[PDB]
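A.B. asks: Provided below: coords.txt, containing compact mmCIF, C-alpha atoms.
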# COMPACT_ATOMS: atom_id res chain seq x y z
CA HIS B 1 67.48 -104.36 114.37
CA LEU B 2 68.35 -106.60 111.42
CA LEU B 3 67.43 -110.27 111.28
CA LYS B 4 70.53 -112.45 110.74
CA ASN B 5 69.41 -116.02 110.91
CA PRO B 6 69.24 -118.28 107.77
CA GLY B 7 67.00 -120.84 109.42
CA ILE B 8 64.35 -118.19 110.26
CA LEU B 9 64.36 -116.92 106.66
CA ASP B 10 63.70 -120.52 105.58
CA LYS B 11 60.67 -120.69 107.88
CA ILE B 12 59.28 -117.42 106.46
CA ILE B 13 59.58 -118.76 102.88
CA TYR B 14 57.94 -122.10 103.79
CA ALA B 15 55.02 -120.33 105.47
CA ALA B 16 54.50 -117.87 102.57
CA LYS B 17 53.91 -120.62 99.89
CA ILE B 18 54.87 -118.21 97.09
CA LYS B 19 53.94 -119.10 93.44
CA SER B 20 55.69 -117.77 90.29
CA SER B 21 52.49 -115.92 89.42
CA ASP B 22 52.48 -114.07 92.82
CA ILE B 23 53.53 -110.44 93.38
CA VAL B 24 55.29 -110.22 96.79
CA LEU B 25 55.28 -106.97 98.86
CA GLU B 26 58.32 -106.91 101.19
CA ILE B 27 58.21 -104.21 103.88
CA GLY B 28 61.67 -103.56 105.31
CA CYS B 29 64.35 -105.23 103.18
CA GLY B 30 67.45 -104.63 105.35
CA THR B 31 70.51 -105.99 103.55
CA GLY B 32 68.31 -107.97 101.11
CA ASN B 33 68.88 -111.34 102.83
CA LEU B 34 65.17 -112.27 102.52
CA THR B 35 64.75 -110.35 99.21
CA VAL B 36 67.21 -112.58 97.36
CA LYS B 37 65.27 -115.65 98.53
CA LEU B 38 61.90 -114.21 97.43
CA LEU B 39 62.89 -113.15 93.88
CA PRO B 40 63.41 -116.64 92.29
CA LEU B 41 60.03 -117.65 93.84
CA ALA B 42 57.77 -114.71 93.09
CA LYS B 43 56.69 -113.21 89.76
CA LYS B 44 58.16 -110.00 91.10
CA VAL B 45 59.01 -108.37 94.43
CA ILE B 46 58.15 -104.81 95.43
CA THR B 47 60.03 -103.60 98.45
CA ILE B 48 59.40 -100.59 100.70
CA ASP B 49 62.18 -99.39 103.01
CA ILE B 50 62.49 -96.19 105.05
CA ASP B 51 66.13 -95.56 103.97
CA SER B 52 67.20 -94.76 100.40
CA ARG B 53 70.88 -95.67 101.01
CA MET B 54 70.24 -99.26 102.07
CA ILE B 55 67.85 -99.60 99.08
CA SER B 56 70.61 -99.04 96.47
CA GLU B 57 72.78 -101.77 98.02
CA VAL B 58 69.94 -104.36 97.87
CA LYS B 59 69.17 -103.33 94.28
CA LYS B 60 72.86 -103.81 93.36
CA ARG B 61 72.93 -107.11 95.19
CA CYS B 62 69.85 -108.53 93.47
CA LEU B 63 71.03 -107.39 89.99
CA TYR B 64 74.43 -109.00 90.71
CA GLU B 65 72.84 -112.33 91.55
CA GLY B 66 70.88 -112.22 88.24
CA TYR B 67 67.46 -110.99 89.41
CA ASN B 68 65.88 -108.31 87.31
CA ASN B 69 62.43 -108.67 88.87
CA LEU B 70 62.90 -106.32 91.86
CA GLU B 71 60.97 -103.05 92.15
CA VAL B 72 61.18 -100.27 94.74
CA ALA B 73 55.03 -98.07 105.28
CA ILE B 74 51.82 -96.57 106.70
CA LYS B 75 52.39 -93.54 104.45
CA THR B 76 53.23 -95.45 101.21
CA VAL B 77 50.24 -96.49 99.10
CA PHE B 78 50.42 -100.28 98.82
CA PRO B 79 50.50 -101.75 95.29
CA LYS B 80 48.28 -104.70 94.39
CA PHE B 81 50.07 -107.72 95.82
CA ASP B 82 49.37 -111.38 96.48
CA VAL B 83 51.73 -112.09 99.37
CA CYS B 84 53.12 -109.72 102.01
CA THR B 85 56.17 -110.22 104.21
CA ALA B 86 57.27 -107.63 106.80
CA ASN B 87 59.39 -106.96 109.81
CA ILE B 88 57.22 -104.40 111.62
CA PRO B 89 58.50 -101.66 114.01
CA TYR B 90 56.52 -101.95 117.23
CA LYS B 91 55.18 -98.32 117.14
CA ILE B 92 53.39 -98.95 113.82
CA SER B 93 52.15 -102.50 114.59
CA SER B 94 48.49 -101.69 115.13
CA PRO B 95 48.44 -99.20 112.19
CA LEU B 96 49.91 -101.93 109.96
CA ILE B 97 47.20 -104.43 110.94
CA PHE B 98 44.42 -101.88 110.26
CA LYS B 99 46.03 -101.03 106.89
CA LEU B 100 46.09 -104.69 105.90
CA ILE B 101 42.38 -105.24 106.89
CA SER B 102 41.35 -102.26 104.78
CA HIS B 103 43.64 -103.09 101.78
CA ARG B 104 41.98 -103.83 98.40
CA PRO B 105 42.02 -106.16 96.48
CA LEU B 106 42.28 -108.98 99.03
CA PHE B 107 45.69 -110.63 99.26
CA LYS B 108 46.43 -114.36 99.62
CA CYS B 109 48.63 -114.29 102.71
CA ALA B 110 50.95 -112.24 104.89
CA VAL B 111 53.91 -113.51 106.96
CA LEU B 112 54.61 -110.83 109.58
CA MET B 113 57.21 -110.46 112.34
CA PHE B 114 56.12 -108.50 115.43
CA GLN B 115 57.53 -107.83 118.88
CA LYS B 116 56.42 -110.78 121.09
CA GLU B 117 53.92 -108.87 123.24
CA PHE B 118 51.96 -107.59 120.20
CA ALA B 119 51.92 -111.00 118.54
CA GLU B 120 50.65 -112.64 121.79
CA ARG B 121 47.64 -110.24 121.61
CA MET B 122 46.83 -111.12 118.00
CA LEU B 123 47.10 -114.78 119.02
CA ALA B 124 45.15 -114.39 122.30
CA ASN B 125 42.67 -117.00 123.52
CA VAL B 126 39.03 -116.08 124.16
CA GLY B 127 38.46 -115.29 127.84
CA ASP B 128 42.21 -114.59 128.63
CA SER B 129 42.88 -111.13 130.03
CA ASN B 130 45.06 -110.13 127.02
CA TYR B 131 42.16 -110.91 124.60
CA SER B 132 41.10 -107.58 123.05
CA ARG B 133 39.36 -105.66 120.23
CA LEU B 134 42.59 -106.15 118.21
CA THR B 135 42.28 -109.90 118.58
CA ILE B 136 38.69 -110.07 117.44
CA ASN B 137 39.39 -107.72 114.45
CA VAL B 138 42.18 -110.01 113.32
CA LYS B 139 40.10 -113.14 113.79
CA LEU B 140 37.19 -111.69 111.81
CA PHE B 141 39.29 -110.85 108.80
CA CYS B 142 41.86 -113.67 108.81
CA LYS B 143 42.98 -117.05 110.06
CA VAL B 144 45.98 -116.17 112.23
CA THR B 145 48.64 -118.75 113.07
CA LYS B 146 52.04 -118.66 114.78
CA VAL B 147 54.91 -119.49 112.43
CA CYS B 148 57.73 -119.35 115.03
CA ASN B 149 59.52 -117.53 117.82
CA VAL B 150 62.43 -115.28 117.01
CA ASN B 151 64.86 -114.80 119.89
CA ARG B 152 66.67 -111.48 120.29
CA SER B 153 70.03 -113.27 119.53
CA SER B 154 68.74 -113.72 115.93
CA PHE B 155 69.20 -109.94 115.37
CA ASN B 156 72.33 -107.92 114.49
CA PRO B 157 72.75 -106.26 116.89
CA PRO B 158 70.47 -107.95 119.47
CA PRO B 159 67.54 -105.89 120.84
CA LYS B 160 66.22 -105.99 124.40
CA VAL B 161 63.02 -107.67 123.13
CA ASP B 162 61.99 -110.94 121.41
CA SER B 163 59.77 -111.42 118.36
CA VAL B 164 57.23 -113.77 116.81
CA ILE B 165 56.31 -114.48 113.19
CA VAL B 166 52.63 -114.94 112.44
CA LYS B 167 50.74 -115.86 109.25
CA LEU B 168 47.48 -114.26 108.19
CA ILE B 169 45.18 -115.78 105.59
CA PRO B 170 42.29 -113.35 104.73
CA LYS B 171 38.75 -114.75 104.78
CA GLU B 172 36.92 -113.36 101.72
CA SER B 173 33.35 -113.27 103.11
CA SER B 174 34.29 -111.28 106.17
CA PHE B 175 34.92 -108.31 103.96
CA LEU B 176 31.15 -107.93 103.58
CA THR B 177 31.28 -106.43 107.13
CA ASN B 178 31.07 -102.65 107.45
CA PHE B 179 34.35 -102.15 109.27
CA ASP B 180 33.47 -98.66 110.61
CA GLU B 181 30.40 -99.98 112.44
CA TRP B 182 32.07 -103.28 113.53
CA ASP B 183 35.02 -101.47 115.06
CA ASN B 184 32.78 -98.93 116.83
CA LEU B 185 30.57 -101.66 118.30
CA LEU B 186 33.74 -103.38 119.56
CA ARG B 187 35.02 -100.13 121.11
CA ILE B 188 31.77 -99.79 123.07
CA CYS B 189 31.88 -103.38 124.28
CA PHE B 190 35.63 -103.55 124.99
CA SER B 191 35.64 -100.33 126.99
CA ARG B 192 34.86 -102.49 130.05
CA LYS B 193 35.52 -105.95 128.61
CA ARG B 194 34.74 -107.95 131.79
CA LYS B 195 31.35 -106.17 132.39
CA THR B 196 28.19 -107.84 131.07
CA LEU B 197 26.62 -106.47 127.83
CA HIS B 198 23.55 -105.45 129.84
CA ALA B 199 25.80 -103.28 132.08
CA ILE B 200 27.52 -101.75 129.01
CA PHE B 201 24.35 -100.90 127.07
CA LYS B 202 22.25 -99.69 130.02
CA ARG B 203 24.58 -96.75 130.58
CA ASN B 204 22.75 -93.49 129.86
CA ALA B 205 25.60 -92.07 127.76
CA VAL B 206 25.58 -95.16 125.48
CA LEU B 207 21.78 -95.12 125.16
CA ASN B 208 21.81 -91.37 124.34
CA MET B 209 24.44 -91.82 121.65
CA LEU B 210 22.60 -94.80 120.13
CA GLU B 211 19.18 -93.12 120.24
CA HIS B 212 20.59 -90.04 118.44
CA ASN B 213 21.93 -92.30 115.67
CA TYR B 214 18.62 -94.16 115.54
CA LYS B 215 16.60 -90.97 115.07
CA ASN B 216 19.08 -89.76 112.40
CA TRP B 217 18.73 -93.10 110.52
CA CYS B 218 14.97 -92.77 110.74
CA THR B 219 15.04 -89.24 109.14
CA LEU B 220 17.57 -90.20 106.51
CA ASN B 221 15.49 -93.13 105.45
CA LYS B 222 12.19 -91.24 105.87
CA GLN B 223 11.04 -93.79 108.43
CA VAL B 224 8.99 -93.32 111.59
CA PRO B 225 10.79 -94.12 114.87
CA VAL B 226 9.32 -97.02 116.86
CA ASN B 227 6.80 -95.77 119.47
CA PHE B 228 8.50 -97.63 122.25
CA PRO B 229 11.09 -96.75 124.91
CA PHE B 230 14.52 -96.82 123.24
CA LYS B 231 16.24 -98.35 126.25
CA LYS B 232 13.91 -101.41 126.01
CA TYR B 233 14.15 -101.42 122.17
CA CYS B 234 17.96 -101.56 122.36
CA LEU B 235 18.25 -104.00 125.36
CA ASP B 236 15.72 -106.33 123.72
CA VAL B 237 18.43 -107.14 121.12
CA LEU B 238 20.62 -108.61 123.93
CA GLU B 239 17.60 -110.42 125.35
CA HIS B 240 16.72 -111.91 121.95
CA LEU B 241 20.25 -113.18 121.47
CA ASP B 242 20.56 -114.42 125.10
CA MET B 243 23.55 -112.14 125.55
CA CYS B 244 22.46 -109.90 128.49
CA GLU B 245 24.74 -111.68 130.96
CA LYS B 246 27.70 -112.36 128.61
CA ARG B 247 30.96 -110.37 128.91
CA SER B 248 32.81 -109.20 125.81
CA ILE B 249 36.06 -110.86 126.85
CA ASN B 250 34.30 -114.28 126.56
CA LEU B 251 32.74 -113.62 123.15
CA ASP B 252 34.14 -114.30 119.69
CA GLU B 253 33.68 -112.82 116.23
CA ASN B 254 30.58 -114.92 115.59
CA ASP B 255 28.89 -113.45 118.64
CA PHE B 256 29.71 -109.92 117.59
CA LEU B 257 28.57 -110.51 113.98
CA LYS B 258 25.16 -111.60 115.36
CA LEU B 259 24.97 -108.56 117.63
CA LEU B 260 25.85 -106.14 114.80
CA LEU B 261 23.29 -107.84 112.49
CA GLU B 262 20.46 -107.61 115.09
CA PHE B 263 21.20 -103.98 116.05
CA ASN B 264 21.32 -102.99 112.35
CA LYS B 265 18.03 -104.87 111.64
CA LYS B 266 16.42 -102.47 114.16
CA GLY B 267 17.97 -99.42 112.51
CA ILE B 268 20.58 -99.02 115.27
CA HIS B 269 23.92 -98.13 113.67
CA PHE B 270 27.37 -97.50 115.22
CA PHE B 271 28.89 -94.08 114.26
For the file at hand, write its structure as structure tokens.
C.D. replies:
Amino acid sequence: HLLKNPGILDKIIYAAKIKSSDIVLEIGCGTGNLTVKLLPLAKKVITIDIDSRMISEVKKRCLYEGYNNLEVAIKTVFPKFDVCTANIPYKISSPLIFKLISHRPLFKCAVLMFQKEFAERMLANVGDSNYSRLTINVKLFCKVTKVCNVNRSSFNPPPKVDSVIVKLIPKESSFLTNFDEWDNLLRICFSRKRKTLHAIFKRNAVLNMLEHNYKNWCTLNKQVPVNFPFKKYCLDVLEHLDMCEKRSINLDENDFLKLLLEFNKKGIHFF
């Protein structure tokens, strides 16, 4: 439930590198133990909590300590912010990540606490069996690093699960990627993540879906479809990139950026 560990709060603050010009978004303020440490650092703090009765105590607390710069998850529209800090309920972990990737304008950094198992996935190594579409999404959009472990004893009262704090620093140029098509390409490939890309793309259902999209693109853009078998047209992309025999679990964001770029160059789009 609630973090009660001064030394962990110190680690969050150190990782966040907050400047007095920064707006900080705090998701889940609890008793305001982290809030009161953010306020003298940040230009201002905006906090979002699920309960209105805990909110008024934190507000009173911050006012009492002389801070007038406090303002009050998946539902709430996020304000413009520079730095995010959150303790994230496990059930909304993936939704939170997708919300942050799609958030505009880009933010400077986020220091996020997740249940251990979810954090291990975001931090997964290429080729390990827990390496997934989530992992590559995160890696495309950010540099992700582990800040620290948070044992269950650090919570009042202790849960039956341990946590991890991670830091995300958004990479500006990655936001040129069309996220809808990137994520759909990854869903195709990660459906059987230890099969080779040739085995994935040769499936008749995948080819039929892609050919439909290709003909649609060709009408939309008043272009004439290639007079060539689509299966060969599509598989030739893998061949060109020397990726026929690679498996998605062993590939990284650079590999998938090349694949998306070469499919799109042929008029093959993921929708």
A.B. asks: Distance CA of residue 172 in chain B-CA of residue 116 in chain B, one decimal place?
C.D. replies: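 Taking CA of residue 172 in chain B as the start and CA of residue 116 in chain B as the end point, the length is 27.6 Å.
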A.B. asks: Determine the nearest neighbour of residue 16 in chain B from the options B:152, B:167, B:1, B:143, counting all atoms listed in the file.
C.D. replies: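 Closest to residue 16 in chain B, using all atoms listed in the file: B:167.
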A.B. asks: What's the separation between CA of residue 196 in chain B and CA of residue 235 in chain B, in Å to one decimal place?
C.D. replies: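 Interatomic distance, CA of residue 196 in chain B to CA of residue 235 in chain B: 12.1 Å.
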A.B. asks: In Å, rounded to a single decimal, give me how far CA of residue 250 in chain B is from CA of residue 139 in chain B.
C.D. replies: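 Answer for the CA of residue 139 in chain B to CA of residue 250 in chain B separation: 14.1 Å.
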A.B. asks: Which residue gives the smallest distance to residue 223 in chain B among B:70, B:266, B:57, B:6, with all atoms listed in the file counted?
C.D. replies: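 Once distances to residue 223 in chain B are computed over all atoms listed in the file, the minimum belongs to B:266.
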A.B. asks: Rank nothing, just name the residue among B:73, B:268, B:252, B:149 nearest to residue 208 in chain B, using only C-alpha atoms.
C.D. replies: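 Using only C-alpha atoms, the shortest distance to residue 208 in chain B belongs to B:268.
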A.B. asks: Could you please give me, as a list in words, the residues of protein, DNA or RNA lying at most 12 Å from (30.8, -113.5, 113.0) in the coordinate frame of the file, considering only C-alpha atoms?
C.D. replies: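 Selection result: residues 136, 137, 138, 139, 140, 141, 142, 171, 173, 174, 175, 176, 177, 182, 251, 252, 253, 254, 255, 256, 257, 258, 259, 260 and 261 of chain B.
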A.B. asks: List as a PDB file with C-alpha atoms, in the frame of the given file the protein and nucleic acid residues near residue 206 in chain B, meaning an atom at most 10 Å away when all atoms listed in the file are counted, but skip any in the same chain fewer than 5 places from it.
C.D. replies:
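The resulting result_3.pdb:
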ATOM      1  CA  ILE B 188      31.770 -99.790 123.070  1.00  0.00           C
ATOM      2  CA  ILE B 200      27.520-101.750 129.010  1.00  0.00           C
ATOM      3  CA  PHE B 201      24.350-100.900 127.070  1.00  0.00           C
ATOM      4  CA  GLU B 211      19.180 -93.120 120.240  1.00  0.00           C
ATOM      5  CA  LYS B 231      16.240 -98.350 126.250  1.00  0.00           C
TER       6      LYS B 231
END
A.B. asks: Pick from B:115, B:47, B:20, B:31: nearest to residue 60 in chain B, with only C-alpha atoms counted?
C.D. replies: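 Result for the nearest residue to residue 60 in chain B: B:31.
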A.B. asks: Quick one: residues within 9 Å of residue 26 in chain B, all atoms listed in the file, excluding same-chain residues fewer than 4 positions away - as a VMD selection string?
C.D. replies: chain B and resid 34 to 35 38 45 to 49 83 to 87
A.B. asks: Looking at B:8, B:101, B:197, B:3, which one is nearest to residue 242 in chain B, with distances taken over all atoms listed in the file?
C.D. replies: B:197
A.B. asks: List as a ChimeraX atom specification the protein and nucleic acid residues near residue 51 in chain B, meaning an atom at most 10 Å away when all atoms listed in the file are counted, but skip any in the same chain fewer than 6 places from it.
C.D. replies: /B:28-30
A.B. asks: I'd like the neighbourhood of range 119-131 of chain B as a ChimeraX atom specification, where a residue qualifies if any of its atoms comes within 6 Å (using all atoms listed in the file), though same-chain residues fewer than 4 positions away should be ignored.
C.D. replies: /B:114,135,249-250
